[PDB]
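Worksheet: one structure, shown below.
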Amino acid sequence: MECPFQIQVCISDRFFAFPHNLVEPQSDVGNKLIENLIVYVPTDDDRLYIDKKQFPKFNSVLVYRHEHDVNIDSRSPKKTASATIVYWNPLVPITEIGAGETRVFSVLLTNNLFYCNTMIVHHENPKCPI
Amino acid sequence: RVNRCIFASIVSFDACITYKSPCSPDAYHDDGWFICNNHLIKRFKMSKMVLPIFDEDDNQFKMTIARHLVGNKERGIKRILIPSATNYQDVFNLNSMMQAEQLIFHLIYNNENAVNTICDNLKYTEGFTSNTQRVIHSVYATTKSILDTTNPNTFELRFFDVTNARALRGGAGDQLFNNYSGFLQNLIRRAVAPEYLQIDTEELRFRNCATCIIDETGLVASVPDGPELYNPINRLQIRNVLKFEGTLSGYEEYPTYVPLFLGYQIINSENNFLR
Amino acid sequence: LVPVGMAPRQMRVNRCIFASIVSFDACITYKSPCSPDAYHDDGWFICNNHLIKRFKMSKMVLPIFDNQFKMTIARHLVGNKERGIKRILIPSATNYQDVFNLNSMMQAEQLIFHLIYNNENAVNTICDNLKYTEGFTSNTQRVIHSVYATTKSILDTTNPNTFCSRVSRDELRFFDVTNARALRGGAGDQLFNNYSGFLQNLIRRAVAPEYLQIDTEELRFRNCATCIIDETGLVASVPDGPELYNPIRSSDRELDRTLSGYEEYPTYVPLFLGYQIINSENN
Amino acid sequence: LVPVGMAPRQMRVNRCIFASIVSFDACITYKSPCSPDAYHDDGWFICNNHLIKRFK
Amino acid sequence: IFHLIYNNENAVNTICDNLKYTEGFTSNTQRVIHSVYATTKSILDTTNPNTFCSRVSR
Amino acid sequence: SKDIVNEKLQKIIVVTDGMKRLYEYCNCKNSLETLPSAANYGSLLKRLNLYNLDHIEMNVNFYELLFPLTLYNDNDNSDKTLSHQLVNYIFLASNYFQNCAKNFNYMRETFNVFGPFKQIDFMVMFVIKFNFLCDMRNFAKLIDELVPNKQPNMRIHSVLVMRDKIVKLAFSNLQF
Amino acid sequence: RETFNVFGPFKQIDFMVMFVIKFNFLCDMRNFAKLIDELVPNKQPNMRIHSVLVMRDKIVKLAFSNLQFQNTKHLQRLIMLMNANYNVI
Ligand SMILES: [Zn+2]
Ligand SMILES: [Zn+2]
């Protein structure tokens with residue numbers, strides 16, 4: 001399994017809730033920040049927990065259920081310079097990437113993200129359930 | 001063995017055409033029906049049924065009733081069961097059926113103009129005078145006899161539009177019922193069960209809501225409101241070969257039927273009249 | 001010994017709760033009447049005999065479909081002229097003690113009822129009385145523990161699935177009068193919630209919905225509701241007016257000449273009430 | 001199966017258009033009257049019987 | 001057949017729709033109608049091209 | 001005789017007109033579609049509470065209440081749907097009364113919620129009768145003043161008799 | 001549409017019928033909103049009610065899609081409300 005360096009993955013238990021604050025516009029080759037944001041979620045219901053109002057940095061925000069696009073090889077996903085792409089708890093390979101670095105936040109770390117180059121792991125003091 | 005199979009008194013006057021008349025045996029039953037089961041099914045989308053009322057020891061009141069053959073998707077003409085005289089010609093594809101059947105329908109609806117037109121057209125058949133006129137006479141006489149038999153005026157307190165709660169006003173379904181022919185009225189009485197039955201100040205309710213609708217268009221297998229009721233329905237082949245030799249099976253099944261339930265029947269001091 | 005160490009065996013299991021009724025007086029032999037249906041592994045956890053005897057209800061099947069799905073459904077045994085308490089098809093937790101004559105029936109069945117209905121006080125009272133009644137230690141204690149364990153096993157089988165169904169998103173049921181423009185419906189969902197998990201499962205297995213939306217297709221089995229739910233519980237009453245005539249032809253010449261072999265519509269009154277929704281088939 | 005894959009077979013063909021008349025009511029069997037001439041591969045696409053019946 | 005021979009598309013469509021909404025169209029009547037229509041159309045497609053070529057023929 | 005009945009009809013019209021403003025209720029939007037609800041009479045219930053309401057009859061004289069309407073120019077021979085409409089109206093009135101009697105207790109709890117006063121046993125019936133009479137006034141508006149001195153109609157009279165027998169039995173069944 | 005046309009062969013009769021339906025609908029929607037104004041909405045919708053809403057919307061959309069059909073300030077505000085574009089102002 002290979003991953004494109006353009007994707008940066010942050011792993012944190014906190015990501016059980018979407019990290020609105022951490023989202024930030026990405027810049028193109030021209031260093032022009034993209035005011036469009038696309039948030040990808042594993043299930044449709046997840047959309048209800050994304051507050052578009054919590055993205056002042058952006059002018060347009062859209063949310064969609066990430067779905068495996070069989071027509072795109074994850075080894076080289078299509079790029080969409082028109083929007084900043086963020087994936088929340090992805091469960092299927094990322095076939096699309098945004099301008100600059102495509103951001104990912106996940107409580108899970110599946111093989112798909114395991115080989116991802118940029119891996120930011122948030123540490124927490126353990127607290128076990130019963 | 002009087003065959004009351006109206007619509008089986010059809011003769012393919014055309015030599016090249018042979019009318020099978022493959023219709024139901026029950027026509028030989030001296031019942032209140034003047035049209036047996038297969039004709040009913042084919043031309044009115046109704047299936048004959050019987051509804052017992054009192055069945056304890058020998059009181060065996062068995063009111064008759066027919067069933068919808070209309071799903072929950074049909075509408076308008078597709079849903080009309082017994083069209084009015086104003087629209088039956090449209091509901092029925094008379095042109096697609098034999099002229100004798102068209103004559104029967106025209107007689108039933110009192111479309112004497114259509115009757116005259118049909119016989120005028122038959123005037124120009126090759127063997128017209130030989131046997132076409134004989135066929136005309138036979139079919140016409142049979143249909144007229146049946147119609148006269150049905151008509152009570154020839155030589156009781158059942159109201160069909162009087163059940164409809166939430167209706168603005170008017171009823172008038174009974175008005176159209178009156179406008180119908182004796183045969184049509186008897187058919188409606190025989191197939192449609194009043195939702196209520198009052199005997200000498202004793203009311204029995206069979207449904208919590210009537211299932212049929214009656215309006216100017218005629219009798220419709222529609223609901224008083226809301227969506228329509230759910231109404232579902234060798235040449236050895238390669239697929240017919242079965243694979244290797246090898247869930248409420250233990251319980252009976254409630255029919256997924258939509259019997260014709262509509263109206264109120266009022267009976268006076270007369271007791272459990274079983275004659 | 002013959003069997004492998006432990007190795008829980010697999011066989012059929014009587015499912016109706018009331019099958020466990022036995023006389024605490026060991027010197028008095030008793031056999032409860034159970035319909036054979038009890039041995040069908042289905043959603044019903046009461047046999048036909050107990051159902052008719054205690055709830056005035058009879059099981060029934062409703063074909064549904066291409067693939068003919070069979071939906072469980074019960075039907076009224078309530079006559080037209082029955083009134084008041086007689087109309088309580090399934091009493092609520094606040095009325096079962098009265099509707100069911102605890103005094104007139106056996107202590108084991110009273111315990112069964114106080115278990116089904118979540119009446120821990122009554123269950124404890126019965127347990128203590130049996131502790132201090134008769135030769136409790138010899139065999140009555142073991143018999144009581146066996147009956148209690150069987151009832152608790154059935155309830156533990158049912159309640160978790162019932163709660164999962166309650167919180168379920170894909171499958172939704174609403175026990176009320178779909179005619180919202182009505183007064184006899186009320187907070188039927190709230191009352192159903194008040195019922196116990198096992199009782200809720202029984203209600204689901206018995207009362208079919210007036211409508212059923214599968215994915216995008218809706219099937220309307222009735223243009224009306226054949227039963228209602230109130231504080232008393234499941235009531236065999238017409239929400240809009242006169243009661244439905246229930247001949248009860250069984251259990252507790254020209255006309256026939258014409259009406260020889262001839263399709264006949266049953267006079268039974270099935271249970272139709274509320275709205276049901278489902279995604280996919282899940283069957 | 002017997003025949004070659006596809007391989008459109010060659011046989012005679014009734015040519016009069018009216019030979020295709022059949023009762024849409026499947027429960028009613030009907031046979032149209034066709035003159036045998038219909039089976040001649042000629043310019044005529046109507047059989048003698050239909051021609052006389054409809055066009056005189 | 002007549003509304004096909006004579007180029008009456010309106011009548012052909014009317015008949016087709018009426019048959020769609022008449023009798024057990026789906027079961028076998030639909031297939032019978034399609035067979036008859038296909039036969040008539042095959043004959044007409046055989047004839048008309050040659051007829052047009054004859055019309056423009058020198 | 002039937003002239004006195006015509007007088008009764010005119011009197012009920014005028015007397016409805018009178019009390020609907022002597023007590024300013026005219027809940028004239030409601031009808032006999034189904035069982036009435038206190039939600040449409042809350043304020044009307046408050047005004048009712050100002051008076052002692054025991055001066056009311058448990059039973060309804062459905063006969064005398066509806067018979068005057070039967071007198072109309074049916075001889076016009078132009079609208080038999082008018083007579084059929086009258087039959088529908090009378091039958092639905094009988095059903096309304098029967099349901100009111102059957103669920104009278106239920107309405108008792110309803111009006112216990114709305115104005116929990118001892119006079120509720122009469123307030124329920126007053127609401128029933130007043131909504132019914134508003135419906136009667138609306139029906140009178142619908143129909144024309146074609147009342148003859150005398151008119152026989154066996155079918156309508158029979159329907160009246162058989163439905164009202166049920167109505168009276170139901171009302172009588174209101175024990176206490 | 002025919003009942004409304006009784007009052008005239010209006011140019012946009014189909015749009016008019018849709019508007020009347022949605023307006024009668026909005027009346028009761030305002031009624032509900034008044035009934036519920038005092039209560040506190042949640043950050044996210046009730047999941048069960050949301051599922052019911054989605055499921056019923058499926059059928060509603062299917063029906064109104066199957067039935068194909070044919071002075072600006074307040075007009076457009078109300079039309080945006082009708083089209084459910086809650087960004088209306
Ligand atoms: Zn049992
Ligand atoms: Zn031929």
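A note on labels: chains of the structure tokens are A, B, ... as shown, every chain counts residues from 1, and ligands are counted from 1 in their shown order.
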Excluding same-chain residues fewer than 6 positions from range 136-139 of chain F, what lies within 8 Å of it counting only C-alpha atoms, as a ChimeraX atom specification?
/F:13,16,28
As number ranges by chain, please: every protein or nucleic acid residue near ligand 2 (cut-off 12 Å, counting only C-alpha atoms and all ligand atoms).
D: 13-21, 31-40, 44-54
At a cut-off of 10 Å and counting only C-alpha atoms and all ligand atoms, what residues surround ligand 1? Please answer as a PDB file with C-alpha atoms, in the first residue's frame.
```pdb
ATOM      1  CA  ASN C  14     -40.780 -24.398  24.743  1.00  0.00           C
ATOM      2  CA  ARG C  15     -41.067 -20.630  24.439  1.00  0.00           C
ATOM      3  CA  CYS C  16     -44.322 -19.554  26.090  1.00  0.00           C
ATOM      4  CA  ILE C  17     -43.590 -18.184  29.546  1.00  0.00           C
ATOM      5  CA  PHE C  18     -46.679 -19.790  31.060  1.00  0.00           C
ATOM      6  CA  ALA C  19     -45.375 -23.283  30.248  1.00  0.00           C
ATOM      7  CA  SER C  20     -43.368 -23.030  33.486  1.00  0.00           C
ATOM      8  CA  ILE C  21     -46.475 -22.890  35.697  1.00  0.00           C
ATOM      9  CA  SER C  32     -50.429 -26.446  32.299  1.00  0.00           C
ATOM     10  CA  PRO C  33     -52.218 -26.505  28.911  1.00  0.00           C
ATOM     11  CA  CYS C  34     -49.794 -25.456  26.166  1.00  0.00           C
ATOM     12  CA  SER C  35     -50.525 -25.191  22.480  1.00  0.00           C
ATOM     13  CA  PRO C  36     -47.873 -26.961  20.376  1.00  0.00           C
ATOM     14  CA  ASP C  37     -47.135 -23.645  18.697  1.00  0.00           C
ATOM     15  CA  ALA C  38     -44.993 -22.878  21.745  1.00  0.00           C
ATOM     16  CA  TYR C  39     -42.243 -25.020  20.227  1.00  0.00           C
ATOM     17  CA  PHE C  45     -42.995 -15.982  23.511  1.00  0.00           C
ATOM     18  CA  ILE C  46     -46.540 -17.033  24.423  1.00  0.00           C
ATOM     19  CA  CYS C  47     -48.420 -20.038  23.119  1.00  0.00           C
ATOM     20  CA  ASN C  48     -51.800 -19.757  21.449  1.00  0.00           C
ATOM     21  CA  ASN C  49     -53.560 -21.254  24.468  1.00  0.00           C
ATOM     22  CA  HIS C  50     -52.125 -18.818  27.005  1.00  0.00           C
ATOM     23  CA  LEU C  51     -52.573 -15.929  24.585  1.00  0.00           C
TER      24      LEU C  51
END
```
Please provide as a VMD selection string all residues within 10 Å of residue 218 in chain C, with the sequence filter that same-chain residues fewer than 6 positions apart are discarded (counting only C-alpha atoms).
(chain B and resid 72 227 to 230) or (chain C and resid 211 to 212 276 to 277) or (chain G and resid 56 59)
Contacts of range 26-37 of chain E at 9 Å (only C-alpha atoms; same-chain gap of 4+ positions) as a tab-separated table (two decimals) with N, CA and C atoms, in the first residue's frame:
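Okay, around39.tsv is ready:
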```
chain	number	residue	atom	x	y	z
D	20	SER	N	-50.66	-11.20	-39.93
D	20	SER	CA	-50.27	-11.02	-38.54
D	20	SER	C	-51.45	-10.69	-37.63
D	21	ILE	N	-52.66	-10.58	-38.17
D	21	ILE	CA	-53.81	-10.25	-37.33
D	21	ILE	C	-54.05	-11.37	-36.34
D	22	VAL	N	-54.14	-11.01	-35.06
D	22	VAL	CA	-54.42	-11.97	-34.00
D	22	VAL	C	-55.20	-11.24	-32.91
D	24	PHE	N	-56.04	-9.73	-29.62
D	24	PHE	CA	-55.30	-9.30	-28.43
D	24	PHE	C	-55.81	-10.01	-27.19
D	25	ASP	N	-57.08	-10.38	-27.16
D	25	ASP	CA	-57.63	-11.19	-26.08
D	25	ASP	C	-57.08	-12.60	-26.23
D	26	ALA	N	-56.00	-12.90	-25.50
D	26	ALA	CA	-55.38	-14.21	-25.61
D	26	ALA	C	-56.38	-15.33	-25.34
E	1	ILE	N	-52.55	-2.07	-38.04
E	1	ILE	CA	-51.90	-2.35	-39.32
E	1	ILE	C	-52.22	-1.25	-40.31
E	4	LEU	N	-50.52	1.96	-39.55
E	4	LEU	CA	-49.11	1.87	-39.89
E	4	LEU	C	-48.90	2.02	-41.39
E	16	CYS	N	-51.43	2.07	-29.26
E	16	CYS	CA	-50.40	1.51	-28.40
E	16	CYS	C	-50.67	1.84	-26.94
E	19	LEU	N	-53.73	-0.03	-25.57
E	19	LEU	CA	-53.38	-1.41	-25.27
E	19	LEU	C	-52.48	-1.50	-24.04
E	20	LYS	N	-51.62	-0.50	-23.83
E	20	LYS	CA	-50.82	-0.48	-22.61
E	20	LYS	C	-51.71	-0.45	-21.38
E	41	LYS	N	-43.55	-3.22	-39.27
E	41	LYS	CA	-42.45	-2.29	-39.48
E	41	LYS	C	-41.35	-2.91	-40.32
E	42	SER	N	-41.11	-4.21	-40.15
E	42	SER	CA	-40.12	-4.89	-40.98
E	42	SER	C	-40.53	-4.88	-42.44
```
Report as number ranges by chain all protein, DNA and RNA residues lying within 8 Å of residue 9 in chain A, evaluated on only C-alpha atoms, omitting residues in the same chain fewer than 6 positions from it.
A: 103-106, 113, 116, 118-120
Contacts of range 198-211 of chain B at 6 Å (only C-alpha atoms; same-chain gap of 6+ positions) as a PyMOL selection string:
(chain B and resi 223+261-262+266-269) or (chain C and resi 224+244-245)
Residues of chain F no more than 9 Å from chain B, counting only C-alpha atoms: send them over as a list in words.
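Every residue meeting the condition is included here: residues 32, 33, 34, 80, 81, 82, 83, 84, 85, 86, 87, 88, 89, 91, 92, 155, 158, 159, 162, 163, 165 and 166 of chain F.
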Find the residues near residue 37 in chain A: any atom within 6 Å, counting only C-alpha atoms, skip ones fewer than 3 places away on the same chain, and give them as an MDAnalysis selection string.
chainID A and resid 61 83:84
Where does chain F meet chain C within 12 Å, residue by residue, with the nearest atom pair and distance in Å to one decimal for each, counting only C-alpha atoms, listed by chain and rising number, as a tab-separated table?
```
residue	atom	partner	partner_atom	distance
F:33	CA	C:181	CA	10.5
F:34	CA	C:240	CA	7.7
F:35	CA	C:183	CA	7.8
F:36	CA	C:183	CA	9.1
F:37	CA	C:183	CA	8.1
F:38	CA	C:183	CA	11.0
F:39	CA	C:183	CA	11.4
F:92	CA	C:241	CA	11.7
F:94	CA	C:241	CA	11.2
F:95	CA	C:241	CA	7.7
F:96	CA	C:241	CA	8.7
F:97	CA	C:241	CA	10.0
F:98	CA	C:241	CA	7.4
F:99	CA	C:241	CA	5.1
F:100	CA	C:241	CA	8.7
F:101	CA	C:241	CA	9.7
F:102	CA	C:241	CA	7.3
F:103	CA	C:241	CA	8.3
F:104	CA	C:241	CA	11.6
F:105	CA	C:184	CA	11.8
F:106	CA	C:184	CA	8.5
F:107	CA	C:183	CA	9.4
F:109	CA	C:183	CA	11.6
F:110	CA	C:183	CA	9.6
F:166	CA	C:242	CA	10.9
F:167	CA	C:242	CA	11.7
F:170	CA	C:242	CA	10.6
```
Tell me as a PyMOL selection string which residues belonging to chain A come within 12 Å of chain G, counting only C-alpha atoms.
chain A and resi 44-51
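Straight-line separation from CA of residue 150 in chain C to CA of residue 112 in chain C: 9.8 Å.
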Would you give me, as a list in words, the residues of chain C that come within 12 Å of chain G, using only C-alpha atoms?
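Contact residues on the first chain: residues 165, 166, 167, 168, 169, 170, 171, 172, 173, 174, 212, 213, 214, 215, 216, 217, 218, 219, 275, 276, 277, 278, 279 and 280 of chain C.
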